[PDB]
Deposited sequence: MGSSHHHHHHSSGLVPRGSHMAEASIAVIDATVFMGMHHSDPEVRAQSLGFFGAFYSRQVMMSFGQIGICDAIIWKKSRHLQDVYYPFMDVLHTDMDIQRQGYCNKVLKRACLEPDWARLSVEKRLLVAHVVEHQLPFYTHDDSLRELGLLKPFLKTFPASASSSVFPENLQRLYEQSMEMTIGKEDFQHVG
């Protein structure tokens, strides 16, 4: 009924240079691997936009983990509706993708997980911001794909120079 909603910061956080952010993202996917998670079309594109700027070798080791994860994990991939679009225009300065993401969380009253500091400071999202779970794991085949994909490193600069 109340599906968890994340953005690119949670997914790409599994490969963040900061080990504390990587621990938080690993704790979320480890606790929601057999649950439901929602991702918008825009957030999915933001992830690939960051990866496709990397070298050929780094993409070849990361993408196997990403594709198998999206396949074996019930990640609901959808788009925003008209009620979210109308709310995103009436709110006052963030990117349109963030305006739609905030409007979607507030409209449908869904739990929201994110590392984006521009969204956590928002008082409107405080009733929906949920703390990341702690460490407590994927199947062995997905574990080997993850550790082989850790050669990819995501930083704060990847989200600043996106778009």
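Peer 1: Would you mind checking the deposited sequence against the model and listing the stretches with no C-alpha coordinates?
Peer 2: No C-alpha coordinates exist for 1 to 23, 116 to 118, 163 to 165.
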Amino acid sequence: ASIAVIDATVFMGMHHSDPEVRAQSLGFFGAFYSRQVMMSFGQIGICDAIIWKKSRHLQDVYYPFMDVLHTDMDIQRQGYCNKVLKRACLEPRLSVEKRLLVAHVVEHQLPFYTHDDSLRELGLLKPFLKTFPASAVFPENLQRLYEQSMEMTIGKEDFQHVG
From here on, numbers count along this sequence of modelled residues.
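Peer 1: For the C-alpha atoms alone, is the average B factor greater in 5 to 13 or in 141 to 149, going by the entry?
Peer 2: Averaging CA B-factors over each stretch, the winner is 141 to 149.
Peer 1: Can you pull the Cα B-factors for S135, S55, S40, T114 from the entry and say which is highest?
Peer 2: Comparing C-alpha B-factors across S135, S55, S40, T114, the top value belongs to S135.
Peer 1: Which third, lowest, middle or highest, does the C-alpha temperature factor of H104 belong to within its own chain?
Peer 2: Its C-alpha B-factor belongs to the middle third of this chain's values.
Peer 1: Would the CA B-factor of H70 place it in the lowest, middle or highest third of its chain?
Peer 2: Lowest third.
Peer 1: Looking at the temperature factor on the CA atom of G27, which third of the chain's modelled residues does it land in?
Peer 2: Its C-alpha B-factor, which the entry lists for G27, ranks in the highest third among residues of this chain.
Peer 1: When the deposited Cα B-factors of this chain's modelled residues are ordered and cut into thirds, is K98 in the lowest, the middle or the highest one?
Peer 2: Bottom third by C-alpha B-factor.
Peer 1: By its CA B factor, does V61 count among the lowest, middle or highest third of the modelled residues in the chain?
Peer 2: Highest third, going by the recorded CA B-factors of the chain.
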